[PDB]
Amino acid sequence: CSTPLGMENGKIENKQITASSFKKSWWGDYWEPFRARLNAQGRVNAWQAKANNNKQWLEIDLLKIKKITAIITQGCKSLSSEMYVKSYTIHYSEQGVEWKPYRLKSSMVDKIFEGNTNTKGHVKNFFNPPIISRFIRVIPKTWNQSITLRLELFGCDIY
(Lines of atoms letter the chains of each structure in order from A and count residues from 1; the text may use other names and numbers.)
(Lines give C-alpha, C1' and ligand atoms only; values in the text may rest on other atoms or scores of the structure.)
Protein backbone atom coordinates (compact mmCIF):
# COMPACT_ATOMS: atom_id res chain seq x y z
CA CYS A 1 0.00 0.00 0.00
CA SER A 2 2.58 2.54 -1.14
CA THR A 3 2.05 3.01 -4.85
CA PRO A 4 1.64 6.51 -6.35
CA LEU A 5 -1.98 7.43 -6.89
CA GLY A 6 -1.55 9.16 -10.25
CA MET A 7 -0.55 12.82 -9.90
CA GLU A 8 2.66 12.52 -11.90
CA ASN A 9 1.62 9.76 -14.28
CA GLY A 10 -1.76 11.20 -15.21
CA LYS A 11 -4.02 8.57 -13.66
CA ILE A 12 -5.50 11.43 -11.65
CA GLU A 13 -7.09 13.66 -14.31
CA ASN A 14 -7.14 17.46 -14.39
CA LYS A 15 -10.81 17.56 -13.42
CA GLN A 16 -10.08 15.88 -10.10
CA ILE A 17 -7.86 18.77 -8.95
CA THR A 18 -9.17 22.17 -7.79
CA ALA A 19 -7.99 25.01 -5.54
CA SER A 20 -9.03 28.11 -3.61
CA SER A 21 -7.43 30.24 -6.32
CA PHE A 22 -4.62 30.35 -8.87
CA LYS A 23 -2.35 33.02 -10.36
CA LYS A 24 -2.16 34.15 -13.98
CA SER A 25 1.33 33.80 -15.52
CA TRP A 26 3.51 36.29 -17.41
CA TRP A 27 2.55 34.24 -20.48
CA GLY A 28 -1.15 34.93 -20.01
CA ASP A 29 -2.24 31.41 -19.08
CA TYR A 30 -2.62 30.15 -15.51
CA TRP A 31 -0.76 28.20 -12.84
CA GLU A 32 -3.78 25.92 -12.77
CA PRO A 33 -4.39 23.52 -9.87
CA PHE A 34 -4.03 20.39 -12.05
CA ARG A 35 -0.45 21.42 -12.86
CA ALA A 36 0.71 20.60 -9.34
CA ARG A 37 2.09 17.28 -10.58
CA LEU A 38 5.36 15.80 -9.31
CA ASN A 39 8.38 16.69 -11.44
CA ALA A 40 6.34 18.62 -14.00
CA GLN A 41 8.48 20.51 -16.54
CA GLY A 42 7.49 23.63 -18.46
CA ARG A 43 6.76 27.37 -18.28
CA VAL A 44 3.85 26.97 -15.86
CA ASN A 45 4.59 23.68 -14.14
CA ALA A 46 2.92 23.89 -10.74
CA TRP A 47 -0.09 25.23 -8.89
CA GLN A 48 0.32 28.80 -7.67
CA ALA A 49 -2.26 30.50 -5.44
CA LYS A 50 -3.53 33.88 -6.59
CA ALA A 51 -3.15 35.26 -3.07
CA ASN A 52 -0.59 34.35 -0.42
CA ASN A 53 -2.54 34.00 2.81
CA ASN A 54 -3.33 31.11 5.14
CA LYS A 55 -6.75 30.62 3.58
CA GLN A 56 -5.71 28.68 0.45
CA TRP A 57 -5.98 25.01 -0.49
CA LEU A 58 -5.40 22.44 -3.20
CA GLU A 59 -8.01 19.70 -3.39
CA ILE A 60 -7.70 16.26 -4.91
CA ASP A 61 -10.85 14.18 -5.34
CA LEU A 62 -9.89 10.52 -5.68
CA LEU A 63 -13.43 9.64 -6.84
CA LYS A 64 -13.72 6.71 -4.40
CA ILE A 65 -12.55 6.13 -0.85
CA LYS A 66 -8.91 5.06 -0.83
CA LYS A 67 -6.15 4.44 1.67
CA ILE A 68 -3.51 7.21 1.60
CA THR A 69 -0.20 6.43 3.30
CA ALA A 70 2.15 9.21 2.15
CA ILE A 71 2.58 12.46 0.24
CA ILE A 72 5.44 14.22 -1.53
CA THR A 73 5.52 17.98 -2.01
CA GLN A 74 7.85 19.78 -4.39
CA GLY A 75 8.43 23.46 -5.08
CA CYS A 76 8.88 25.47 -8.25
CA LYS A 77 11.36 27.93 -9.72
CA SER A 78 10.13 30.31 -12.40
CA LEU A 79 12.46 32.90 -13.85
CA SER A 80 14.20 34.54 -10.89
CA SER A 81 11.53 33.22 -8.51
CA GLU A 82 12.13 30.35 -6.07
CA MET A 83 8.87 29.26 -4.49
CA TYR A 84 7.84 26.41 -2.23
CA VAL A 85 5.54 25.51 0.65
CA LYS A 86 7.58 25.23 3.85
CA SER A 87 4.90 23.61 6.02
CA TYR A 88 1.26 22.61 5.79
CA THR A 89 -1.70 20.73 7.24
CA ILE A 90 -3.95 18.08 5.67
CA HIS A 91 -7.75 17.90 5.73
CA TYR A 92 -9.84 15.04 4.40
CA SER A 93 -13.47 14.24 3.69
CA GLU A 94 -15.59 11.32 2.49
CA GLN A 95 -18.32 13.43 0.84
CA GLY A 96 -16.36 16.58 0.09
CA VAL A 97 -18.58 18.92 2.09
CA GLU A 98 -17.50 18.49 5.72
CA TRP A 99 -13.74 18.57 6.31
CA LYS A 100 -11.72 16.86 9.01
CA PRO A 101 -8.20 18.04 9.88
CA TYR A 102 -5.45 15.47 10.13
CA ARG A 103 -3.97 15.06 13.61
CA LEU A 104 -2.04 12.41 15.54
CA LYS A 105 -3.71 10.11 18.05
CA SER A 106 -4.49 12.42 20.99
CA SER A 107 -3.84 15.69 19.21
CA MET A 108 -6.07 18.52 20.31
CA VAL A 109 -4.23 20.42 17.62
CA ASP A 110 -3.71 20.06 13.87
CA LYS A 111 -0.69 18.14 12.63
CA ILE A 112 1.74 20.47 10.87
CA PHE A 113 3.88 18.70 8.28
CA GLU A 114 7.38 19.85 7.38
CA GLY A 115 7.60 20.81 3.72
CA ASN A 116 10.32 21.89 1.32
CA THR A 117 13.52 23.89 1.70
CA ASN A 118 14.25 24.33 -2.00
CA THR A 119 12.40 24.33 -5.33
CA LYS A 120 13.37 20.86 -6.62
CA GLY A 121 13.98 18.51 -3.69
CA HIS A 122 11.30 15.97 -2.74
CA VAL A 123 10.04 15.85 0.83
CA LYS A 124 7.98 12.78 1.73
CA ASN A 125 5.85 12.49 4.84
CA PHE A 126 4.06 9.35 5.94
CA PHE A 127 0.59 9.25 7.47
CA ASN A 128 0.18 7.28 10.71
CA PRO A 129 -2.56 6.50 11.13
CA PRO A 130 -3.14 6.49 7.37
CA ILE A 131 -5.92 8.59 5.90
CA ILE A 132 -8.89 6.68 4.49
CA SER A 133 -11.21 8.89 2.47
CA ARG A 134 -12.08 10.32 -0.92
CA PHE A 135 -11.13 14.00 -0.85
CA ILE A 136 -7.82 15.38 0.36
CA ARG A 137 -6.78 19.00 0.85
CA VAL A 138 -3.28 20.42 1.28
CA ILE A 139 -3.36 23.63 3.31
CA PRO A 140 -0.13 25.66 3.00
CA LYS A 141 0.84 27.33 6.30
CA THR A 142 4.22 28.85 5.50
CA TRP A 143 5.99 29.34 2.17
CA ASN A 144 8.93 30.97 0.48
CA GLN A 145 8.06 33.90 -1.80
CA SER A 146 4.85 32.36 -3.13
CA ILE A 147 2.60 29.36 -2.45
CA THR A 148 3.56 26.92 -5.21
CA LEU A 149 3.11 23.18 -5.32
CA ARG A 150 3.81 19.97 -7.19
CA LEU A 151 2.90 16.75 -5.39
CA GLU A 152 2.22 13.03 -5.43
CA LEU A 153 0.06 10.83 -3.23
CA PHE A 154 0.72 7.25 -2.18
CA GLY A 155 -1.74 4.63 -1.02
CA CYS A 156 -3.94 1.84 -2.28
CA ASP A 157 -7.45 0.66 -3.02
CA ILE A 158 -9.56 -0.64 -0.18
CA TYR A 159 -12.19 -3.40 -0.01
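One rule holds for the numbers: they count along the sequence shown, beginning at 1.
For the pair 32-40 and 98-106, the record assigns the higher mean C-alpha temperature factor to 98-106. Higher mean CA temperature factor between 65-73 and 47-55: 47-55, per the PDB entry.
When the CA B factors of the chain's modelled residues are split into thirds, the value for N125 lands in the lowest one. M83: CA B factor in the middle third of modelled residues in this chain (values from the PDB entry). For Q16, the recorded CA B-factor ranks within the middle third of the chain. Only modelled residues enter the ranking. In this PDB entry, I158 carries a Cα temperature factor that places it within the highest third of its chain's modelled residues.
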